[PDB]
Amino acid sequence: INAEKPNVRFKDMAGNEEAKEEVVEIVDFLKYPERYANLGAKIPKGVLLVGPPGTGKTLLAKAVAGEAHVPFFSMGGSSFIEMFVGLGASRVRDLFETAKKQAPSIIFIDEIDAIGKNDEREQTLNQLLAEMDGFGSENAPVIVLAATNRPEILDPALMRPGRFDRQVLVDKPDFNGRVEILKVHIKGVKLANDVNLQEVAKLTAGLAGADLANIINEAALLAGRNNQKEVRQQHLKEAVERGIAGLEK
C-alpha cells in the first residue's frame, strides 16, 4: 500500500512534555541507529505508551515518526477481532517486511488488548511475540509502539525481555500543566481583558488534554447565540461545569 511519515511534532502537539522526553529517546534511536550499532547496544523492540483515556497517546504515537522523518506503518490492534477464522495474518506478517524494507520505522499497534480474539481463545495475541524478537532478521532499526489504558487485562508474556520491555506513562495533566494546555488552544480565540486561564485551569481539573482542548473552543462557541466579541472568563465558566453524565449507553 505504501505508508505515511506523519506531520506531527512534539512541540507542535498539545503541551504534553514529560512523556515526550521518554518517547524522545526512541527518536534518537531511529535517527541515529548507527551511533548505537557502533557502541554496541540497541533496542529494535516495542514500547508501551500506557495511560488513562485521552492523553494523545494515539498522538504521541505518531509524534515520534514525524519527529524522526521515519515512516508510521500501522493498522493498529483492530481489524483482527474483526476477522474471524482463516486468512488473518497476511497483512500482519507482511506488515513487518514493509518496515524491514523501508527502515528504520515505527510499527504502531493499537490497543494491544484487541490482539487475541474448535477453540474460542487467543492466537493473534500469540503472534508478534516472534517478530518482536526474531524473524528474517533482527538487525533492522525498526520499533513497535502500542497504547494501553488497562495494562492489567493483558498477557504477561508481552513484557518478556526482547519484547515490550518498556512503558511510557502518559496521564492526566497536573493542575499546573493543564494550564499549559489551555495556553495552546487559546491561540486564535480572541479573548477578554480578564480571562484568567488559571481559574479556568482550577477545579476545571480531572479531565484530559483533549477535554480541556474542547472546553476552550466550546466557551468560544458561546458567542453565537450571543453576538459578542472578547471571550470572557464566564464563557469558560459555562465549562458545562464538568460533565459527569457519561458512562450511560
# chains A, B, ... in the order shown; residues from 1 in each chain; ligands from 1
call {"tool": "select_by_dssp", "arguments": {"residues": "region 39-173 of chain A", "states": "alpha helix (DSSP H)", "output": "list in words"}}
result
residues 39, 57, 58, 59, 60, 61, 62, 63, 64, 65, 66, 67, 68, 96, 97, 98, 99, 100 and 101 of chain A
call {"tool": "closest_atom_pairs", "arguments": {"of": "region 131-227 of chain A", "to": "region 40-48 of chain A", "cutoff": "7 Å", "atoms": "only C-alpha atoms", "output": "JSON lines"}}
result
{"residue": "A:132", "atom": "CA", "partner": "A:45", "partner_atom": "CA", "distance": 5.7}
{"residue": "A:141", "atom": "CA", "partner": "A:44", "partner_atom": "CA", "distance": 5.7}
{"residue": "A:142", "atom": "CA", "partner": "A:44", "partner_atom": "CA", "distance": 5.4}
{"residue": "A:143", "atom": "CA", "partner": "A:44", "partner_atom": "CA", "distance": 5.2}
{"residue": "A:144", "atom": "CA", "partner": "A:46", "partner_atom": "CA", "distance": 3.9}
{"residue": "A:145", "atom": "CA", "partner": "A:47", "partner_atom": "CA", "distance": 4.9}
{"residue": "A:146", "atom": "CA", "partner": "A:48", "partner_atom": "CA", "distance": 5.2}
{"residue": "A:147", "atom": "CA", "partner": "A:48", "partner_atom": "CA", "distance": 5.8}
{"residue": "A:148", "atom": "CA", "partner": "A:48", "partner_atom": "CA", "distance": 7.0}
{"residue": "A:162", "atom": "CA", "partner": "A:45", "partner_atom": "CA", "distance": 6.2}
{"residue": "A:163", "atom": "CA", "partner": "A:45", "partner_atom": "CA", "distance": 5.5}
{"residue": "A:164", "atom": "CA", "partner": "A:46", "partner_atom": "CA", "distance": 5.0}
{"residue": "A:165", "atom": "CA", "partner": "A:47", "partner_atom": "CA", "distance": 6.6}
{"residue": "A:166", "atom": "CA", "partner": "A:47", "partner_atom": "CA", "distance": 5.1}
{"residue": "A:167", "atom": "CA", "partner": "A:48", "partner_atom": "CA", "distance": 4.5}
{"residue": "A:168", "atom": "CA", "partner": "A:48", "partner_atom": "CA", "distance": 6.0}
call {"tool": "select_by_dssp", "arguments": {"residues": "region 16-240 of chain A", "states": "strand (DSSP E or B)", "output": "count of residues only"}}
result
13
call {"tool": "residues_around", "arguments": {"residues": "residue 99 (chain A)", "least_positions_apart": "6", "cutoff": "9 Å", "atoms": "only C-alpha atoms", "output": "PyMOL selection string"}}
result
chain A and resi 71-73+105-107+140+142
call {"tool": "write_last_selection", "arguments": {"atoms": "C-alpha atoms", "output": "compact mmCIF listing (two decimals), in the first residue's frame"}}
result
# COMPACT_ATOMS: atom_id res chain seq x y z
CA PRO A 71 7.50 6.12 8.45
CA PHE A 72 4.47 5.10 10.52
CA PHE A 73 3.13 1.79 9.06
CA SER A 105 10.49 2.88 11.01
CA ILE A 106 7.63 2.56 13.52
CA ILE A 107 5.10 -0.21 13.68
CA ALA A 140 16.98 -3.53 11.11
CA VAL A 142 12.62 -0.57 13.40
call {"tool": "residues_around", "arguments": {"residues": "residue 77 (chain A)", "least_positions_apart": "2", "cutoff": "10 Å", "atoms": "only C-alpha atoms", "output": "list in words"}}
result
residues 74, 75, 79, 80, 81, 108, 109, 110, 111, 112, 113, 114, 115, 116, 124, 125, 146 and 147 of chain A
call {"tool": "residues_around", "arguments": {"residues": "residue 19 (chain A)", "least_positions_apart": "5", "cutoff": "12 Å", "atoms": "only C-alpha atoms", "output": "PyMOL selection string"}}
result
chain A and resi 10+24-26+48-51+55-57+59-61+63-64+167-173
call {"tool": "atom_distance", "arguments": {"atom1": "CA of residue 215 (chain A)", "atom2": "CA of residue 239 (chain A)"}}
result
5.9 Å
call {"tool": "residues_around", "arguments": {"residues": "residue 126 (chain A)", "least_positions_apart": "4", "cutoff": "10 Å", "atoms": "only C-alpha atoms", "output": "mmCIF file with N, CA, C and O atoms, in the first residue's frame"}}
result
data_model
loop_
_atom_site.group_PDB
_atom_site.id
_atom_site.type_symbol
_atom_site.label_atom_id
_atom_site.label_comp_id
_atom_site.auth_asym_id
_atom_site.auth_seq_id
_atom_site.Cartn_x
_atom_site.Cartn_y
_atom_site.Cartn_z
ATOM 1 N N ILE A 115 -5.715 -7.654 20.075
ATOM 2 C CA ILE A 115 -4.911 -8.807 19.679
ATOM 3 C C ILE A 115 -5.243 -9.992 20.606
ATOM 4 O O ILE A 115 -5.236 -9.846 21.833
ATOM 5 N N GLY A 116 -5.580 -11.140 20.009
ATOM 6 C CA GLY A 116 -6.019 -12.321 20.761
ATOM 7 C C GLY A 116 -7.242 -12.997 20.164
ATOM 8 O O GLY A 116 -7.111 -13.977 19.418
ATOM 9 N N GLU A 122 -7.221 -17.072 22.564
ATOM 10 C CA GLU A 122 -6.170 -16.186 21.999
ATOM 11 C C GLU A 122 -5.217 -16.899 21.059
ATOM 12 O O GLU A 122 -4.876 -18.066 21.274
ATOM 13 N N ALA A 130 7.119 -13.158 18.159
ATOM 14 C CA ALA A 130 8.174 -13.838 17.451
ATOM 15 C C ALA A 130 8.959 -12.758 16.806
ATOM 16 O O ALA A 130 10.157 -12.628 17.018
ATOM 17 N N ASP A 155 -1.988 -10.378 28.555
ATOM 18 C CA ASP A 155 -0.969 -11.405 28.738
ATOM 19 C C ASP A 155 0.311 -10.813 29.333
ATOM 20 O O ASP A 155 0.705 -9.708 28.993
ATOM 21 N N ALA A 157 3.306 -12.226 29.081
ATOM 22 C CA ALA A 157 4.423 -12.602 28.208
ATOM 23 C C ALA A 157 4.830 -11.475 27.264
ATOM 24 O O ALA A 157 5.877 -11.548 26.620
ATOM 25 N N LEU A 158 3.997 -10.441 27.186
ATOM 26 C CA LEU A 158 4.312 -9.238 26.427
ATOM 27 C C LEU A 158 5.587 -8.589 26.941
ATOM 28 O O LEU A 158 6.420 -8.129 26.157
#
